[PDB]
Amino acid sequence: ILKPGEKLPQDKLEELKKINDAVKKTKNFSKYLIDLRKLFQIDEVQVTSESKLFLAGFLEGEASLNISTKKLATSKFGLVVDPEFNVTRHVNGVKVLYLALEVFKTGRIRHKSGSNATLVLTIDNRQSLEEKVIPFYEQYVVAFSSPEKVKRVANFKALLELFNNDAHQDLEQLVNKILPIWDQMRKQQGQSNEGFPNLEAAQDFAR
């Protein structure tokens, strides 16, 4: 339990990079979990319908389904639409991040670069996001969730189904169905480093 302004020791940082490197190689998720609990000294959590409702309200507060569009020269067009699920939390709160990992049975917990002791859980694979993350929200979040977040969910889902149909491979599906969703979902349009400044700017670069 580390206090405000107090940093994650560089060694624990080392070990985290290491145990993430390990699961990458062996794909032993079961061992990923074990590694984490020992590193962060985390008590077991059984995964019950109750702990899952707890998680669900935690994600309502703390999680984000977002979509980036960035330039990739080698890509079929100039650009790439890249969804992610992520949840942030200070180390003191890893127990709840660790709960998420067990429920989704996928994800990686990293240190948040630039932060003193902040951790982040991300799930970027599209199969994991359709099979694990989206059905979680529909099952345990949506009933209690706000209109803005419910829409967030249907839209992330729409995108992923598009991707299932190679609409990012096509061009009259991309510009007119994928990029829209990206634009409608931004919460930081106007950012300094922003991929693109508006819908059309990205549409007029798919071209």
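Sequential numbering from 1, following the sequence displayed.
When the two stretches 73-81 and 87-95 are set side by side, the higher mean Cα temperature factor goes to 73-81. As listed in the deposited structure, the average C-alpha B-factor of 191-199 and of 14-22 is greater for 191-199. Each of 144, 40, 182, 54 has a CA temperature factor in the record; the biggest one is found at 182.
Going by the entry's values, 171 shows the largest Cα B-factor out of 171, 34, 63, 158. Remark: residue 167 belongs to the highest third of its chain, ranked by C-alpha B-factor as recorded. Residue 154 sits in the middle third of its chain by CA B factor, as recorded in the PDB entry.
Compared with the other modelled residues of the chain, the Cα B-factor recorded for residue 45 ranks in the highest third. Remark: residue 178 belongs to the highest third of its chain, ranked by C-alpha B-factor as recorded.
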